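Input: a single structure, listed below in structure tokens.
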Amino acid sequence: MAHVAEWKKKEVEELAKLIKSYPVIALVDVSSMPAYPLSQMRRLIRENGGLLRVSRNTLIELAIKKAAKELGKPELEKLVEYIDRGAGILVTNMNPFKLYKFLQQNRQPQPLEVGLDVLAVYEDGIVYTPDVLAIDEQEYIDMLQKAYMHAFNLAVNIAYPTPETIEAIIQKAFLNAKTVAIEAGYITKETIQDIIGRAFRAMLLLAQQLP
Amino acid sequence: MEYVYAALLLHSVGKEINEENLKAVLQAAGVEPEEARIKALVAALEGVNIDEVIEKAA
Amino acid sequence: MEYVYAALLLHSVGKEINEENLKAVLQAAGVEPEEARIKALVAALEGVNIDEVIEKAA
Amino acid sequence: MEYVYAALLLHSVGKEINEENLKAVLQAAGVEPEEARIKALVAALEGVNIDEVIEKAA
Amino acid sequence: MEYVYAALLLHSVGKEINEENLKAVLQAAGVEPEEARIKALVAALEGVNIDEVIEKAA
Amino acid sequence: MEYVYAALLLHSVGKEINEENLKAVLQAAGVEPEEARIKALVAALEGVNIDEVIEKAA
Amino acid sequence: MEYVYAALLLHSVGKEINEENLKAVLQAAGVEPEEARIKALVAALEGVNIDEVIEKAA
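Residue numbers (the numbering used here), protein chains in the order written: chain A, 366 to 576; chain B, 1362 to 1419; chain C, 1362 to 1419; chain D, 1362 to 1419; chain E, 1362 to 1419; chain F, 1362 to 1419; chain G, 1362 to 1419.
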């Protein structure tokens, strides 16, 4: 049915129910995609729990669905309706972060690549901007390892003993005692060899004063 | 960094790092809710083998 | 270790590491805290500058 | 920390590391030792071969 | 080394490393310490900044 | 210290590091050997090949 | 290297590195001193500070 309308609150009516049907509502930029590549993107989105709709002003009407319920996803109490020219609306059960990654990694469809750029994503009271959605995975991995090391270092240093820390605690206390004893030149079975090494090197250096 | 310590805590006690568990741990520490940071943390850690990450210890 | 993650979580947000706060965070993670372990940790932490000690190993 | 240096003292001189000997050593140092910390180290040291641990280092 | 552990125990609880303190700790460990071993340690530890040695342990 | 240099002087010359040689060298350097200190060095050296130690010390 | 070890022993115990003291320790180690070597050594060590040499060699 495309001989004519284009009808308002037949198209916006349908889009209405649609937005109310899915937990995750994104605005995407479709302008970079030729018709067939976009068609392939639509198929992919369908196979992954969602769908894409293209329209213009009747898309603005995130308002009628927001009104028909309780939120702040619309025009009204929202931010800066991230809509642009040739924005489409993509409704999905995919988590907003998953959606963003999905769209980034599926430019499908010679080595030219094109896709859908996310403008903003609404879920349960919050609008997610691309800067929030764009996760630095290595940063999270690094921070996780840093936090683990902080806990390990703290526990060892205070001698809080756990299977993870007990051997390092024993070795640290021993190394502390051995290092202090060698520095003080105090003779034990455990320190005599490093001490003789110091004394031998002192002899070697001292001998260097001879002509 | 409270999100990462909350995750490590949960992992160390055999609990799933999900929004509910993360929120409860953070709340108990008097931390105000930040849905975007909670959800981002969960997304970042999805599919991540935490035990492997930890054994690589750097 | 879960007691230490709980302590560093509190510390990251400027919350005091005491028995009450440790117990609250641990219970929120779904565990019954062992009083002796909380007691020992708080004692192990007396006089400790956490910002400094979290930072060296080898 | 003090409990480990006491355990290592005991070990070096061939004494068993437990509650009674650890307590006596710390008291002799002029402090009131924390029972919780003594007990945790004793427990943590079950099955630990201290000589092999030291030799496995530096 | 039994002498050294006695010393570091003292240091870790903020007690002066002198002949008397060393002797008491060692006797509590259940040994009769050699007096010359005790004074040699005290003398050697003179001028040695234990904390700086400990922390800057190359 | 003096017990080590006395020992190394004897080694460099082919003399045994025993109580008699150590005392004799020490006395000749104007110091009164202390038996426990002599014995601690001798015991510390038991089973130690000094040539092999020194080979790796430069 | 016995001449240098002798110098080091004397130094470690605050004795002057002169002809008489070197010969006495060498003699105690069964060494018959060579006057020429004794002279060369004390002359070579005039001015040099042994403390810093010991420190730099460690």
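From the three backbone atoms N, C-alpha and C, an ideal C-beta is built for every residue, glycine too.
As assigned by DSSP and simplified to three states, the class of residue i
i: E1407 (chain D); result: coil
i: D482 (chain A); result: strand
i: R418 (chain A); result: strand
i: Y551 (chain A); result: coil
i: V1374 (chain E); result: coil
i: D489 (chain A); result: coil
i: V1392 (chain C); result: coil
i: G562 (chain A); result: helix
i: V395 (chain A); result: coil
i: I500 (chain A); result: coil
i: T544 (chain A); result: helix
i: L1387 (chain G); result: helix
i: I390 (chain A); result: strand
i: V369 (chain A); result: coil
i: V456 (chain A); result: strand
i: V1414 (chain B); result: helix
i: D507 (chain A); result: helix
i: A524 (chain A); result: coil
i: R411 (chain A); result: helix
i: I448 (chain A); result: coil
i: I1399 (chain E); result: helix
i: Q405 (chain A); result: helix
i: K431 (chain A); result: helix
i: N1379 (chain E); result: coil
i: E529 (chain A); result: coil
i: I425 (chain A); result: coil
i: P495 (chain A); result: helix
Contact list for residue i against chain C, beta-carbon separation under 8 Å
i: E1395 (chain D); result: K1400, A1401 and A1404
i: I491 (chain A); result: Within chain C, no residue comes near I491 (chain A); the closest Cβ sits about 22 Å away, beyond 8 Å.
Neighbouring residues, chain G, relative to residue i (Cβ below 7 Å)
i: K1376 (chain F); result: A1390 and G1391
Residue burial classification, residue i (beta-carbon count within 10 angstroms, cutoff 16)
i: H368 (chain A); result: exposed
i: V1386 (chain B); result: buried
i: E488 (chain A); result: buried
i: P476 (chain A); result: exposed
i: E504 (chain A); result: exposed
i: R407 (chain A); result: buried
i: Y1364 (chain C); result: buried
i: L424 (chain A); result: buried
i: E1396 (chain F); result: exposed
i: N522 (chain A); result: buried
i: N458 (chain A); result: exposed
i: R1398 (chain D); result: buried
i: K537 (chain A); result: buried
i: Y551 (chain A); result: buried
i: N422 (chain A); result: exposed
i: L575 (chain A); result: exposed
Distance between beta carbons of residue j and residue i, contact taken as under 8 Å
i: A1419 (chain G); j: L1370 (chain F); result: Wrong, their Cβ atoms sit about 19 Å apart, outside the cutoff.
i: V1409 (chain B); j: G1391 (chain C); result: With a Cβ gap of about 21 Å, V1409 (chain B) and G1391 (chain C) do not count as contacting.
i: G453 (chain A); j: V393 (chain A); result: 5 Å
i: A512 (chain A); j: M1362 (chain B); result: 6 Å
i: residue 618 (chain A); j: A370 (chain A); result: Residue 618 (chain A) lies beyond the stretch modelled for chain A, which goes from 366 to 576, so this question has no answer here.
i: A1404 (chain F); j: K543 (chain A); result: That belief does not hold up - the Cβ atoms of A1404 (chain F) and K543 (chain A) are roughly 17 Å apart, past 8 Å.
i: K1400 (chain D); j: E1380 (chain D); result: 6 Å
i: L464 (chain A); j: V389 (chain A); result: 7 Å
i: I410 (chain A); j: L417 (chain A); result: 5 Å
Within chain F, the residues that residue i reaches when beta carbons sit closer than 8 Å
i: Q536 (chain A); result: By Cβ distance, chain F contributes nothing, its closest Cβ being about 21 Å from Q536 (chain A), past 8 Å.
i: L569 (chain A); result: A1419
Residues that residue i contacts on chain B, provided the C-beta gap is smaller than 8 Å
i: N518 (chain A); result: The contacting residues do not exist; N518 (chain A) stays about 11 Å from chain B at best.
Residues of its chain near residue i, where Cβ-Cβ distance is below 7 Å and the 5 sequence neighbours each way are ignored
i: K1376 (chain C); result: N1382
i: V419 (chain A); result: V395 and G453
i: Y447 (chain A); result: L392, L484 and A485
i: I1411 (chain F); result: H1372
i: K1384 (chain D); result: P1394 and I1399
Contact set for residue i: own chain, Cβ-Cβ below 6 Å, skip 5 residues either direction
i: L1402 (chain G); result: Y1364
i: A432 (chain A); result: none
i: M398 (chain A); result: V479
Within chain E, the residues that residue i reaches when beta carbons sit closer than 7 Å
i: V1386 (chain D); result: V1386, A1389 and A1390
Chain G residues whose Cβ lies nearer than 9 Å to that of residue i
i: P576 (chain A); result: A1401 and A1405
Residues that residue i contacts on chain A, provided the C-beta gap is smaller than 9 Å
i: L1369 (chain B); result: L509, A512, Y513 and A516
Proximal residues of chain A, C-beta to C-beta of residue i below 7 Å
i: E1416 (chain C); result: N518
Contact set between residue i and chain C, taken where Cβ atoms lie within less than 7 Å
i: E1363 (chain B); result: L1370, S1373 and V1374
Contact set between residue i and chain D, taken where Cβ atoms lie within less than 9 Å
i: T556 (chain A); result: Simply none; closest approach about 13 Å.
Other residues of its chain near residue i: CB distance less than 8 Å, five sequence neighbours each side excluded
i: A1389 (chain E); result: none
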